[PDB]
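S.K.: Here is the sequence, then the experimental structure:
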Amino acid sequence: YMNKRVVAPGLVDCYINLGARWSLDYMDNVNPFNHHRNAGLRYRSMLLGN
Amino acid sequence: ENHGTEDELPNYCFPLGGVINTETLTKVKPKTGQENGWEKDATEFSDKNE
Amino acid sequence: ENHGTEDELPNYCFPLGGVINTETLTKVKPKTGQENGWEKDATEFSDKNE
């Protein structure tokens, strides 16, 4: 479900809050640690193997 | 650390003039009295638009 | 620090369909024992293949 759900790029396209150190209100309450850039998560996932 | 590449969005190269595979067209206007008639409209617009 | 650019490999951009300059071609069968002869095919293979 999470992989076949299509999200329109127009929501967060390059022209969003230009010059503004902001956070999208939708992502304010969404967990940021559940992200594929989580450094410790990357380290553990690679450490156990690929 | 071969994490792969973030390339979901396609990236495209484009013609320097916006578009190049145009074609010659002639403006026409609906005919009076014919539900589906038309005539050449050379009076106002150049008949060689692309 | 004009350290230079790492650009050893060529980088290429390709047509959207990947292939553009094609040529229409038609299928051909070998002749039945006619010294490496050939004969046009009509076995529901399109005579226009790109």
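M.R.: Here it is on my side, so go on. Numbering: from 1, shown residues only, chains lettered A, B, ... in the order given.

S.K.: What helix or strand is residue A:46 located in?
M.R.: Here residue A:46, judged by DSSP states H and E, is contained in helix A:39-48.

S.K.: That helix near chain B anywhere?
M.R.: Yes. Applying C-beta under 8 Å from any C-beta of the partner chain, one finds helix A:39-48 in contact with chain B at A:42, A:46. The C-beta positions use only the backbone N, C-alpha and C, and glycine is treated the same way.

S.K.: Chain B contacts on chain A?
M.R.: So far as C-beta under 8 Å from any C-beta goes, chain A lies against chain B at A:9, A:42, A:46.

S.K.: Give me the buried subset of those residues.
M.R.: Among the residues of chain A next to chain B, not one counts as buried by 16 or more other C-beta atoms under 10 Å in any protein chain shown.

S.K.: Closest one to residue C:45 out of the residues you listed, please.
M.R.: Distance to residue C:45, by C-beta to C-beta, is smallest for residue A:9 among the residues of chain A next to chain B, at 41.3 Å.

S.K.: Quick check: chain neighbours aside, which residue is closest to the closest one?
M.R.: residue B:9 (6.9 Å; C-beta to C-beta, 6 or more residues apart in numbering or on different chains).

S.K.: With residue B:25 instead?
M.R.: Spatial nearest neighbour of residue B:25, excluding adjacent residues (C-beta to C-beta, 6+ apart): residue B:49 at 5.1 Å.

S.K.: dump the residue contacts of the nearest residue to residue B:41 once chain neighbours are set aside.
M.R.: Leaving out its chain neighbours, the residue that sits closest to residue B:41 by C-beta to C-beta, 6+ apart is residue B:27, at 4.1 Å. Going by C-beta atoms under 8 Å, 6 or more residues apart in numbering or on different chains, residue B:27 touches B:40-42, B:44-45, B:47, B:49.

S.K.: Over to residue B:42?
M.R.: Contacts of residue B:42 by C-beta under 8 Å, 6+ apart are B:26-27.

S.K.: near chain A, which residues of chain B?
M.R.: B:1, B:3, B:9.

S.K.: which SS class is the second one?
M.R.: For residue B:3, the reduced secondary structure class is coil; criterion used: DSSP: H, G, I helix; E, B strand; the rest coil.
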